Structure formats: C-alpha cells, structure tokens
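These notes concern the structure reproduced below.
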Amino acid sequence: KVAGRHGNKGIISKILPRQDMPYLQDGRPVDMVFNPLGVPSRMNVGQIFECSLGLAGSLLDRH
Amino acid sequence: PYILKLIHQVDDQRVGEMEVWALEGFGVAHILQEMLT
Amino acid sequence: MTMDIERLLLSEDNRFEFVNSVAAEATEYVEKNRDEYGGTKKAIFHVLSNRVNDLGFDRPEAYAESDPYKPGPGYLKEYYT
Amino acid sequence: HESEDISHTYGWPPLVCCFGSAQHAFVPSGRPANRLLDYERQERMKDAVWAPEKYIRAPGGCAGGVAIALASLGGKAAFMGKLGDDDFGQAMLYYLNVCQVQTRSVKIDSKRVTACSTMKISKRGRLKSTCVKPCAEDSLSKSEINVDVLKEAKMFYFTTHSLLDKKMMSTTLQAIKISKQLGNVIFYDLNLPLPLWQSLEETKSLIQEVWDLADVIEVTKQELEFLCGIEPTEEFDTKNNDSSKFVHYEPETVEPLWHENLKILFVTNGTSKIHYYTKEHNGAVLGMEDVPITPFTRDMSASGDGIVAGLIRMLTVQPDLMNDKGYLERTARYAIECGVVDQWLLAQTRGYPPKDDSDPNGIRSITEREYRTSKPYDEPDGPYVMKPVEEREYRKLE
Amino acid sequence: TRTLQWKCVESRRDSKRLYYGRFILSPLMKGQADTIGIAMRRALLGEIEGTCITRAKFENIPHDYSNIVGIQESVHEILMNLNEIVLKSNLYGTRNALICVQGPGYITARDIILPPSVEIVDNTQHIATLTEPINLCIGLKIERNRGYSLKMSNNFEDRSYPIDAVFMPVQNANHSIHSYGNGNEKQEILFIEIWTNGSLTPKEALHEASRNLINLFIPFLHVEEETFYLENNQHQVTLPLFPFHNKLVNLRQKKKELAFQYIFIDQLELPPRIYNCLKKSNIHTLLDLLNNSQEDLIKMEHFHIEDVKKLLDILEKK
Amino acid sequence: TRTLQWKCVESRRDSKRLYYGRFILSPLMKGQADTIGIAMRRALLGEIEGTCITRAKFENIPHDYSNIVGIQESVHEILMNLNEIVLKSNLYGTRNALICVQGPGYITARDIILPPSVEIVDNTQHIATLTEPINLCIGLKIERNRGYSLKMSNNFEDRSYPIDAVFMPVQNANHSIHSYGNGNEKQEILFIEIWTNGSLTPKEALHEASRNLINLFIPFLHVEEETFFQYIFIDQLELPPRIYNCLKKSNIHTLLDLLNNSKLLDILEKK
Amino acid sequence: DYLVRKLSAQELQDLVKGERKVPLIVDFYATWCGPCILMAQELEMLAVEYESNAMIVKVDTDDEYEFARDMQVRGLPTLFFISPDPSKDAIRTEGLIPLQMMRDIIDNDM
Amino acid sequence: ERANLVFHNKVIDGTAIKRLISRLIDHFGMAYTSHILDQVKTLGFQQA
Amino acid sequence: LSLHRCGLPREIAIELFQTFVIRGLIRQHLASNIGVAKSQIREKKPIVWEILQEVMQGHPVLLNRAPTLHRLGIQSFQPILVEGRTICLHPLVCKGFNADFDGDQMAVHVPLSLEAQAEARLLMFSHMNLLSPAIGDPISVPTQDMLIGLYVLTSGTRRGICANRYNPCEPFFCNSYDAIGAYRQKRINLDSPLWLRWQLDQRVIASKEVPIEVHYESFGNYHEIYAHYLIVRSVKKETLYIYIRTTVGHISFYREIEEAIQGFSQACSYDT
Ligand SMILES: [Ca+2]
C-alpha cells in the first residue's frame, strides 16, 4: 500500500522495467503511474498542486 | 509528490450468513452443504 | 468449453438437472478409472467433451491441452499478470 | 538442339547460374588488407574482442558459396557444376538443395571422387605435381551443361578457379559463349587463386580470353593493383583510418583493363569500401568492417561471398539500370550490408576456438560468451583472494 | 563522404561518474528515426551489461547490521558504499577482489585490489572511515551481468553478505526527432543524448547498444531451426554439412539407402517445365512430391493432365 | 544449454492475397523479447518496401466526367479498384504500366501490362466491367516505397488522377511473450505473428524486417576516413560612465556577461 | 609425443624423396585462413587416432609460396596424402574435408 | 459468417455501452458476450 | 486475465490444493505415500509446482468477499498459477465484488466433491451470470478507464466551427483494413475524418434526414450527400455505392466487436 498525504491511497499491482514505463521529454521514466480518475470522484485537488510543485522544487533545489 | 509506504503488508476463515443466501440464490445445494460439512 | 456448456443447456429443460446429471456421470467415470482423472484430464471436463461429441461435433478429450513450446520438464509457464 | 519456348514459366526473380566448383570451406588466396576500423574501441576492447595480428582478407569462396549466399538473399540461384557420387558429393549436393539452391544443373559422377584428385609427385629434379585424375568438380564436360538452365538464367556467374584445369577452362568458355548467345549477362568474380599471384604475366594471359567476355567484373582492391601493376604503397596494420589505405583509383588507371563489352567493374576492399566504374560514372561507397570475427572466420571469405551475392541480387532485378549512378550507389551499399550480415552470421555459427589454461569430426568451439568469460582468479596464492591471518600483509592507509 | 552521417555533437564529464554525450544522426527518411529512437532507447536502458560488486565477505562480524570498533560507519553503511562504486570490465564471470588494509584513515575505491579484468572508474569514492589502527580485510565478488541483482537470499555461503548490485550503466537516455525540412522525401534528424555512470563513455554505450541490437535481430537471418540434419543432441554445429555426412557413412555401412525426405526433385531428371511448376508450388523434396495427389497437381497453373502421366513413369524408373 | 534459434510454427495461405505466419524465437533473456517484438513490429508495418499503383491516366478519354460510356464502374470506383491491386516488385524509382483492352468483358489485374520487375499477386482482381465495344487505355504509375514514407509530388495536374495508395505489404503484425521459469532460469519465448497481403510470404517479411532493422543500426558503427568570478561586477572596476551605461543597457552586469559577448580592454586587462 | 609438426619445403623434399614407412599427410595451411584452423583441429585428433601408424606434417603457404605453387596448391586448406609406397600416386584434397574421409583415404585407397 | 451488427457512428458512453451489452446478450447469448466484454475491456484499456 | 479466471499465488494455491497435490504425487508414483508427499511438498521440489499447475487446471475455486455485497459477492473462477504473493483478479469482476484497490482481502474456497465442482463450473461461473436478477440488466459493463477509452474512440471528428477556421462556403479507403493500417502508419489521426467504401447494406445509425444535397449529373448518375454518408445511385444502372464518413475510432470499435464474434465462432467451430 502506497499513499500520498491527500488521501490518495493505492495498492501496487504491477512493477515494470524502466525502459517501458512512460518517460518525460527529458528522457527520465516516471517512477509511479496513478489513475487520474481518482481525483474527480474523491475531490482531492491538493495532490495536483503538490505534484506540480514537487517537480519545480526538485529542479530548483528548493523545499 | 510525496508518497508514503503503509504498514498493512508488515502488520499482516469464516463464511458468513450472507454467503449462504448467495449460494442458495445460485441453487448450489452441494456447494452449500460442503461449507457446513 | 464455455460455448459448449451453454450449447448443452440449450437442449436442456432444467439447468439444475443438467448439473446433477453431469455430476452423476462424472462420478461414474472416476469409479471405473480411478487413475485417469487426476491431472491433465478432469472427470467433469471429460463428461462435457463426451456430451458435445455425442451431439456429433468434435472436441478434444476433456478439453485437455498441452504446451508444445514448453522448453524443459522443470520449466513451468510463468503467467504475465 | 533447342526446345519449346518455355519462357512463360520463368518466375521472378530471374535465375542466376553460379558456375564453378562446390568446395566446402575453401578460400582461393589471401592478401594483406586494410580494414576501416575504430581503433580507439579496439584498444579498450582488446581483452574481449579477438583481432588478428595481421589483417588478411580472402577475396571470397567457391562459386557454390555464392549460390548459397545468393539464395539466402531471396534470389533464385542455380549451381552448375559436377559432384561425385560418394559420401561427400551427396553431402554437398544435399547442402546446396537444403539451402534453396537449384541443383538440376549439377552432374553427379560415379567414376570421379569429390575433392580427392589424384596427384603424381615427381621427385627427380625439383618436386612438382601433375593431375593424373581431376577431382569430381573438375571433370565437367561440355556435354554435361544444362542448356535449359542457361536459357532460364538471366545472369551467368563464374570464378577464376574454373580456369585452372584445361578441361574445366574449355567447358567454362563453352558455357559463357552459350550464355552470351542466349543473352545472359556474364558476371566474373575474379577471386584469384593462390598460384596465380606469382608471375603476373601468365595470370593476364590465363584470363585475357575470358576477361573480354564478362559484362560485369568484380575484383578486390588487391587484385586490381595486381592486374594494373600498382605497387601497394600504403601501410598495413596501422592503428589509423588513413585515406591512403582506402584510395579510389581514378578511371584512367582502370582504363587499361577496360573493354567494349565491360559495363561495370566492381573494386571491393571488403565491406569497408566498394568502388564501381562504368563508361560514364565512377564512385565508391563506404561501409563498415568492425564485424565480429573469430579465428575460424578471420579470412573474411563470407564477406566476399556476401558482397558478390548482393551485387548479383541488385543487378539481376534491374538489368536496365546498370549504367545508372544512383542505382549503383544503392547496389554497392546493399552489397556491403549483405557482406556485413554474412560475416556476422558466420562468427555466431562457427564460434571461437577454445582457450588455453565428443565430436565425430574433431572440432572444439566456444561461443562468444564463453570466449569473453574471464578466469575467476580464485588462486589461494593469488593477491585477489583472502589469505590466512599469517600472510595478510595489511596495507597502511594514508 | 557518407550521405548518412552521425557525430557526437556534445560530450561532457559533469563528474567522475556522470558522463553526458549527445549524438546526431541525419538525414533519416520518415519513420526511421522513430524506429531507431525507441530501439536505441530500450537497448541503452536495459540491454547493456555492467560490472559491480555482488557480495562482500567480512571475517569477525556476526552480521551485516553490527558495529565494528574503529570504523565510523555501520556494516550496512559499508555495503551501501560498496554497492555505489562503479567498475568497468569487458569480460564475464565472477571475479574476486580484496580490500585488505589497515587504518586509521579513509578507505576509498582506490584501496580495492582488483583483478586485471576489471578496472576502477572513480578511485575517490568513499567506502569506510577507520579511526583506530585496526586491520580490515574484506573479500569481494565482482560480476558482469544484465539488469539488477536479484534481491533474494543467497547468503548460504561463508557469511558473504550479498550486495544488491544494479548492473545497468546508463543512468538515463533521451532522443529527439526533428524534421529536416527537405520537402522531397520527408527526411528527419535524430538526436540521442546518453547519460552513463562513467563505466563507459556515451559514445561507447551508443556503439554497444547498436551492436547488442544487431545481435538481437541477426538470429532471424540465421537458417531456420531444423533445416539441416543433426544428431538431435548437439543442436549447435559449427559446420552444418558434417552431421549429414556422418549420416551417409553410417547409412552406407548399414546399406539402408537414403530416405525420401532427403531426395530433392533436382536429382529427378524432370523436364524443365515440370521442375519449375513444382518449385513454384513450394514442392522441393521427393517426399513432398509423393504426399501430393494427381488432382493436387492438375490444379497448378502450368500443369496439364499429360504431364502427371510422364511424371509418374520417371518416378517408376527410380 | 540451447542457442538462440527461430522456427515457423504456423503457416496458412487461406487466400491469394492473405498469408499468415507465426514464428517463435527462443531462448531469450529477460526483457529482450519485448525489445525484439517492438522493433520488429515497427519494421514490419512501415519499413518494408511495398509496390502499388499511385497514379492513373485515362488516355484517349477527354470526357473528364464521373462516368464513361461502355464501363459500368464510375471513374472514382475504377481508381478504388486499382488501389486494391496487390503488386510485388523490386523496381527502383518509378515505372509505367498500361491497360489497353478490347470492348465488352471484364478488366482484371491479368490485363495490366507490367514493367519488367513487377508481378501481379492475384490476377483475378476486378478492375472494371466493359459493356459497349469500346477500347480503353489506362496509364498506370507503379511506385515502390515504404509504409512510413510520404510523397508530395503528384504529377501536378495533367488529367492524371492520383491514387492514395497505402504501401503496407504486411497487413498486420503482433508479438507475444511467453516466460518460463525453472526456479532460477528465467528464459523468454518470443512469438511473432505476421499477416501479409501475398506480395511477400510471412517468412520473407520476417527476413526483410530483420535486415531493414540491421541496416538502420549499421550507421552507428560507421567510421570515417582520416586525412593527414560571478561575484564580481562591472561596478567595482573603475570604468568610464559612457562605457558603463552601454554595458548596463545590454544587461552586462558581471564580467562573465562581458566575455560572453564578442580603450575598454586596456583598462580592464590590468584588473 | 606425436602431433602435427611444422616443416618447411626442404623439410618435405627429403621426406618424399627419401623413405616413407607410414603415410605422410601434408597440411598446406596459413595462419590467416579461417577454415585451416578448423582443419588443424581435425588433424590434431586424426594424429592421435592414427598415432605412429601415420605422419602429419603442416606446411605454411605464406612462407613456402613458391613451393605450394609447384605443388599446384590452388587454395586453402589443402591436404596432400602421400603413400608410403612410391609406386602409388598421391591424393590432394581441397576444402575442409571431414574426418571420416581422411580415415578411409589413408587406411585404404593409398 | 458476417455478423449483422449495427455500425455505431455517433458516440458510445456508459448508457450506450450498457444497451449494447443488453442487446448482445439477448441476441448472441452470454458465452459470446463474455468474450466480447474481454475484447471491449482490452480495447477500452488500450485506448485509454 | 479473462473474465472467468483468477490468479493465485504459489503459497496460497499449495495450501488450498494440499490434498490434490499429494494425490498427484502418489498417482504418478513420485511419492510412495502421504508422508513422503507432505515432506516433499515442504522440500518444495520443482516437480511439486508442476503437479500443482496441472492439478488446478480445470478445478474451479470460489472467491468470496468477507463484507459481502451482492449475489456476486461469492463467485467461481478458474484459477491459474501466477507469480508473486497476491491474488490477481479481473477488473470487471472487481466491480461485482466492489473490490476497491485501496485494500481488500478475499476468502477463497476449493470445492472438493465432484458434485460441488460440477455446479461451481456450471452455475457460478461469471460467463453464465451477466444479468442482475433485480431487473435483468448487465453487471459486467465496462467502467472507469475502460469506459473512458471507448468514449475517446467514438468521440468522432470535430464538427463545424471546431474543425475549420473559416466557412467553407479527405482520404477514401477501400476497406476498413486500409483505414486501420493507415492509422498505424501515422498517416491519419484517430479523430481525423475519412471516407470508408461501404460494401454491406446501410447500417450506420444516423438521424433520419433527407440528403443535405443531391448532385444529379445529366448522364443519370446522382450522388446523395447525407449528414454522415455519401450514396452514389444511377438511373441507367443500380450500382448503389455507399461511402461512410467516419473515423478510425468508430472503425476500430466496430471491427473489435465483429472480430470478437468471428473469433468466437471460429474457435467454437460446430460446422466441422
Ligand atoms: Ca571477389
């Protein structure tokens, strides 16, 4: 069981090699893939804000 | 995002009375007997 | 077999009598030949295959299938979940 | 002497008649050569990639090897030759058949023996050898020529190895004249045999009567220099891809070897570079030769067979584009890729000889993985293995 | 000189264990860059072998989670430090290495006694810190492999604590496809940027991925399985002709005559029209010819009723 | 124990323009089978050369209408029938095919006059139906390209009707992976499934896809012949106000910004 | 012990000009020739099989190129089978011949 | 034998697919529809 | 997984099929008696897993959700030995079980008597229970991203002002296979409009409306442009050419249903 801090709980069903996980435009494959359908039903948009800001913080080296 | 790992896989049968109703609905009399035998 | 199971039920009058008849005939098969219906061949599947063959169609015995591409005796086909 | 017009049943691609011998694994000769190679990679890969001390490339193999190579490329190749009715002859005959090579033009002889020609060893003055009994694939007769195969074939192929015996030479000339009369393009892969590399003058006289009959001639860079009298001035086995070692000779240097019938001359430096010369156009195509090579495949004969097979494949499908610069560039590039693939396949097939610290025909080989497997270095006296506390010789830190 | 050229447009050495290289391949016809890009992407990420420490063996410690007097790091800290060092080697197999030293001081990758097969990449990598003059000797196992070491129990040996090695040397890879703007055949420009841990330069990884890819598609260009004859035991013959020759000599000694599955219609002195039609119908062997019927032959295009009659008597003479 | 070998397990020909073939490759290490299957599928679908009709010229017909006398099929439908013609060829560049026919009857693929290197896979394909005794000459344009390639030139406009021909000789392709374990021997088995339109056998398409893939990665092995102080600012260093304003206007604040653009240097070089 | 011994041309003349009690096998090889290395492995165990009942000699055609041309060695690998009796003729085999054929060539037919 | 389906051209949604499954069950039976659901499930997952 | 299959871990499957595996070992003489087999199972020999794999083949098991919800809260599936230490379950049946994937544990029971195995396979399998008895509506309807993917497929071309910047004031495919093939070759997009040469009868469901415009040529051929298809009729002849204006998505969805029917018919070849 993995979960964020916004009530987005999740069970791990698949483990894929890094070469077939979806990857960004810088070539880095993503580490985990979530279902976008969870947000509208559960109505927790905070993870959407945290997700985007986490990417910015890691690139800018900020917390 | 910040993702945590939970404790369920670290920390850790009876057929209820409702399963009897479902088995009767299917009409599986021998299966239902097998549960109570 | 799923289509064959329904096909047998099409000519049947009560699906509860059909399963009782299949179970009764399957029990008869295993009593005659104890050392046949334990592994790749199942008693119930043999009944279903026979009942389809009785209608005049062709099915493999007990719907049993092997693995022609199995490399070795110790190699068992891992299932990609 | 002719027959019915059976041209309606000729199926694309056009048949190619690979005339010559059917030796198993037999190279004509080998000359020092320069390989277009990345020597920085070789320096760091010397412990895992085998490289010969001196790079010597054979021009190719027998005519049957080209037929096998051409068949593997999807072309329709028929081998014309003679085989004995013995264990080897039938084994070779089966080998051609299972390789999709048509052998209806192969004459099976019960009197002759395959590749076992008898020799008379003179020992009075200087010891010589005269052929008392030619081998099975040297006794083909002018009557033993499948003219129907020649009628169907749109290209005739032969090598210089078919001219080393007078009986073979007369039949070889006879087959070419019939093919020329039937309108078949004559392909002449030189593949100069070992004896012919001495006394250049006799070599020119040996092939002069047949040089003028070939529409397409494929010679190696070493063979072209030998025929033209050019002395090899470039260095060999030097860790550099100097342009001198891969030099495109000007058409003026090629002119003395030219003749009216000749349409394309192919000069091949292996798969590294292939040069083509025509009446109007001339050019060269760069390739690669850093293919996996083992001591069993170091002669590069598979590349020679693959290159000519690719050349035959491209020329037969488009006979009207022979004098087309754009098509020749694609043809030469295609030949390089065929030669690269064949040499790559041969290395995996034959493998490597076993290292130095159960087979009907004693042949011990190891795969590429086994050749790259390192010794464990687990010797108890070795410096890489734990030793008892007595002789630990603990090194001091900074 | 080549019409299709490739070049390393940028090479960088950000750190001792982070090499960046960008490569261009132009011009590529439309759809080739997409095919090359993904295949290079998968080959670089998971088809390049690397070598690293697989298991370490101490002497006087009870388990990998204890503390050694004189060392500022726990034993588990040492294993993670060992798991982080980068090694280069072109050879396979498991090899031994030693860190037999004494302190006080800093233990780095430069202090590892390596076999000639393998070489150290970053000799400045920290391993352990020794605070008092103790004698520390660690036995190492070095192996070259694909993917990552299996994270399962294999410590049945003499207290060789396993190390979860990650053999993949390409940290990351990326590729971009740009239109050449030719307007006549839709050419494209392919860029490839490779990040490596220093065990091999990005140019080497580009070549190694291409060579590994070729070895993956070259088997389809080999002859089909069960084409040549074999004794059905070796399954790998350097010379495919010899196993059939060994059959004939045994056959000749027993005088049993060759089977029909090894007699081809070429040897049958058939008319050229008959031979061409049979070859067109993918009928090559005499056994395959026999398995057909006369009606199965009449249906062929250039085959007539009179021909099946003359074909039979040819077989009758044989 | 085994070596990497391939074999054809299934091969069906239930048409003249529909061939089926299933191929097995084994043994494969973990992760390799997916890579081979993905690349082979891309090569099969688009990287294999296909031959088909690209343009059709209606010679001797100045009608320019949707229908012509003596032919039941419309002009647009004739192009549609031409687009379905399956061809196999080794041609380089472009060739011309001609269809000059008699009066009443059926125009089939057998009636196409072909350039030397091309063939008709199925001569029974219907082109058009003739009713009135009128001759009809059709000028075809045979071309051989890859599936992924695109062409822009379309003979401008000279009464030649372009045919939007898809160049796929491999109708479909799919790969499957079977994994077998023996405790610790994880070997993978790759299945390749190829459907071709008869222009080439599925075995041939397997080889061409493999060769086309190899020809893509050969260039990476090619070699070429050989021939023989942010923390210091412009404010600190004494500069003329004229020069200072010019640098400040161009956002040249530190010295690094100054060296990145190319008696100013004489005064600067001493400090 | 017994193995394939490297001999030059003058080392082969007195062998054929002089006495020969067991059949003499001349291996015309070159280090650059791939199949000749395979040809050696067959001769490595053929010598073991026939031990002292036959003699195996290898000749390098790169050095003895003038001598190979006199022998009419048309390529590599080439084997010369010399009968112990000077009356009988020699046997020249061209190509990577199988081990079994070399058995019957030296036990009989020569 | 060609199946006489209906070429849905506008759009399918939760209600549209539910009706289609109902009609497929009432016309082909549950054995056919069980296989159709698996193909539909794969098609929906793949395109999503 | 298939609709009627479930994945069982090795350590869970061996516990459920303890007796049957022992029977297989004794039947095939691998184990002399019960005591040897039980010790052999604990040894975890490679043969044991092979016996377990063939034992479960054809033996259905019952999957039960402890907080049972419907009659589908307990159902029968054909188990297949799967890797890992978790029970794989079909996505469709997880809605019949309401099996959320934020945490759930099911109880699995193996029928023993041949009568129980008969009715488990013939009465409780998912392929025979597709209609809810409450009203007679399907239960295994695609949902979640399965429904999203189908919605995107059938969400056709942009129409009107969403497709053209200015007021006007497309490829033709002879068969659906070319349209699919062109889509694979990136020649057309999923939502890009195209014309499909329709060989069957009029089958598309469109609003019953008169043609937008009829192009009546003077030679008798007249084209009828409808909102979604073009029909080419003639006076001299009766050609009746139909071209459907659609997308690859609609073709892919239609082809998927048609192929599923044909694939099921060929597999269950009662004709032979
Ligand atoms: Ca040559």
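We name chains A, B, ... following the order of the structure tokens; residues begin at 1 in each chain, and ligands are numbered from 1 as shown.
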Residues of chain F within 10 Å of chain E, counting only C-alpha atoms, what are they? List them as a PyMOL selection string. chain F and resi 1-8+23-26+28-43+46-47+146-153+203+206-225
Could you list, as an NGL selection string, all protein and nucleic acid residues with an atom at most 8 Å from ligand 1, counting only C-alpha atoms and all ligand atoms? :D and (59-60 or 189-192 or 218-220 or 268 or 304-305 or 308)
Give me, as a ChimeraX atom specification, all polymer residues having an atom no more than 9 Å from residue 337 in chain D, counting only C-alpha atoms and skipping those fewer than 3 positions away in the same chain. /D:271,287-288,306-307,310,332-334,340-342 /F:211,214-215,218
Please identify all polymer residues within 12 Å of range 11-15 of chain B, counting only C-alpha atoms, omitting same-chain residues fewer than 3 positions from it, and present them as a PDB file with C-alpha atoms, in the first residue's frame.
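Dumped to result.pdb:
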```
ATOM      1  CA  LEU B   6       1.902   1.834   4.509  1.00  0.00           C
ATOM      2  CA  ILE B   7       2.059  -0.822   7.221  1.00  0.00           C
ATOM      3  CA  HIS B   8      -0.605  -3.336   6.138  1.00  0.00           C
ATOM      4  CA  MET B  18     -24.931 -13.738   3.795  1.00  0.00           C
ATOM      5  CA  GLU B  19     -22.790 -16.053   1.657  1.00  0.00           C
ATOM      6  CA  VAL B  20     -25.348 -18.761   2.438  1.00  0.00           C
ATOM      7  CA  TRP B  21     -28.050 -16.577   0.886  1.00  0.00           C
ATOM      8  CA  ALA B  22     -25.950 -16.017  -2.236  1.00  0.00           C
ATOM      9  CA  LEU B  23     -25.204 -19.733  -2.599  1.00  0.00           C
ATOM     10  CA  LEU B  32     -23.658 -25.009   0.299  1.00  0.00           C
ATOM     11  CA  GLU B  34     -19.858 -28.604   1.567  1.00  0.00           C
ATOM     12  CA  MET B  35     -19.391 -25.363   3.516  1.00  0.00           C
ATOM     13  CA  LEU B  36     -21.328 -26.716   6.519  1.00  0.00           C
TER      14      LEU B  36
ATOM     15  CA  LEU I  62     -14.897 -19.861  -5.122  1.00  0.00           C
ATOM     16  CA  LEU I  63     -13.840 -16.277  -4.399  1.00  0.00           C
ATOM     17  CA  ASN I  64     -15.709 -14.623  -1.526  1.00  0.00           C
ATOM     18  CA  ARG I  65     -15.594 -11.046  -0.254  1.00  0.00           C
ATOM     19  CA  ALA I  66     -15.965 -11.100   3.531  1.00  0.00           C
ATOM     20  CA  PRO I  67     -18.014  -7.859   3.568  1.00  0.00           C
ATOM     21  CA  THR I  68     -20.325  -9.490   1.047  1.00  0.00           C
ATOM     22  CA  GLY I  73     -20.006 -11.372  -3.564  1.00  0.00           C
ATOM     23  CA  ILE I  74     -19.173 -15.070  -3.884  1.00  0.00           C
ATOM     24  CA  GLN I 105      -8.857  -9.370   1.196  1.00  0.00           C
ATOM     25  CA  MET I 106     -10.930 -12.219  -0.234  1.00  0.00           C
ATOM     26  CA  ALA I 107     -11.629 -15.692   1.127  1.00  0.00           C
ATOM     27  CA  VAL I 108     -11.154 -18.477  -1.427  1.00  0.00           C
ATOM     28  CA  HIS I 109     -12.697 -21.938  -1.065  1.00  0.00           C
TER      29      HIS I 109
END
```
Just list the residues in range 16-172 of chain E DSSP gives strand (DSSP E) on the backbone, as a ChimeraX atom specification. /E:18-29,50-57,87-88,95-98,101-102,105-108,119-120,126-130,135-136,139-145,160-162,170-172
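Taking chain B and asking which residues DSSP calls alpha helix (DSSP H) on the backbone, you get residues 8, 9, 10, 11, 17, 18, 19, 20, 21, 22, 23, 24, 25, 26, 29, 30, 31, 32, 33, 34 and 35 of chain B.
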Can you write out as JSON lines which residues of chain B fall within 12 Å of chain C, alongside each residue's closest atom pair and its distance in Å to one decimal, counting only C-alpha atoms and ordering rows by chain and ascending residue number?
```
{"residue": "B:26", "atom": "CA", "partner": "C:16", "partner_atom": "CA", "distance": 9.9}
{"residue": "B:27", "atom": "CA", "partner": "C:16", "partner_atom": "CA", "distance": 7.8}
{"residue": "B:28", "atom": "CA", "partner": "C:16", "partner_atom": "CA", "distance": 8.6}
{"residue": "B:29", "atom": "CA", "partner": "C:16", "partner_atom": "CA", "distance": 9.8}
{"residue": "B:30", "atom": "CA", "partner": "C:20", "partner_atom": "CA", "distance": 9.8}
```
Compile the contact shell of residue 74 in chain C as an MDAnalysis selection string: residues with an atom at most 8 Å away, counting only C-alpha atoms, same-chain residues fewer than 4 positions apart removed. (chainID F and resid 181:182) or (chainID I and resid 46:47 50)
Skipping near chain neighbours, those fewer than 3 positions away, what residues fall within 9 Å of residue 123 in chain F using only C-alpha atoms, listed as a count of residues only? 8
Would you compute the distance between CA of residue 61 in chain D and CA of residue 298 in chain D? Give it in Å to one decimal. 13.2 Å
Pick out the residues sitting within 12 Å of residue 9 in chain B, and hand them over as an MDAnalysis selection string; count only C-alpha atoms, and ignore anything fewer than 3 positions along from it in its own chain. (chainID A and resid 1:2 11:12) or (chainID B and resid 5:6 12) or (chainID I and resid 85:86 103:105)
Distance cut-off 12 Å, counting only C-alpha atoms - which residues of chain E neighbour chain G? Return them as a ChimeraX atom specification. /E:238-250
At most 8 Å to chain G: residues in chain D, only C-alpha atoms, as an MDAnalysis selection string: chainID D and resid 23:30 52 54:56 115:121 123 127:130 161 193:195 295:299 360:364
What are the residues of chain F that have an atom within 8 Å of an atom of chain I, counting only C-alpha atoms, as a PyMOL selection string? chain F and resi 45-46+72+80+83-84+147-148+164+166+168+171-172+182-183
Interatomic distance (Å, one decimal) between CA of residue 15 in chain E and CA of residue 230 in chain F: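 About the pair CA of residue 15 in chain E and CA of residue 230 in chain F: they are 21.3 Å apart.
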Grab the CA of residue 15 in chain I to CA of residue 57 in chain I distance for me, in Å with one decimal place.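 About the pair CA of residue 15 in chain I and CA of residue 57 in chain I: they are 15.8 Å apart.
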Selected residue, from D:136, D:92, D:83, D:314, that lies nearest to chain E when counting only C-alpha atoms: D:92
With only C-alpha atoms counted and 10 Å as the cut-off, give the residues of chain A in contact with chain E, each with its shortest interatomic distance in Å and the pair that gives it, as CSV.
```
residue,atom,partner,partner_atom,distance
A:17,CA,E:46,CA,8.2
A:18,CA,E:45,CA,7.3
A:19,CA,E:42,CA,5.4
A:20,CA,E:42,CA,7.7
A:23,CA,E:174,CA,9.1
A:24,CA,E:174,CA,9.0
A:25,CA,E:174,CA,7.7
A:26,CA,E:174,CA,6.2
A:27,CA,E:174,CA,4.2
A:28,CA,E:172,CA,6.3
A:29,CA,E:172,CA,8.5
```
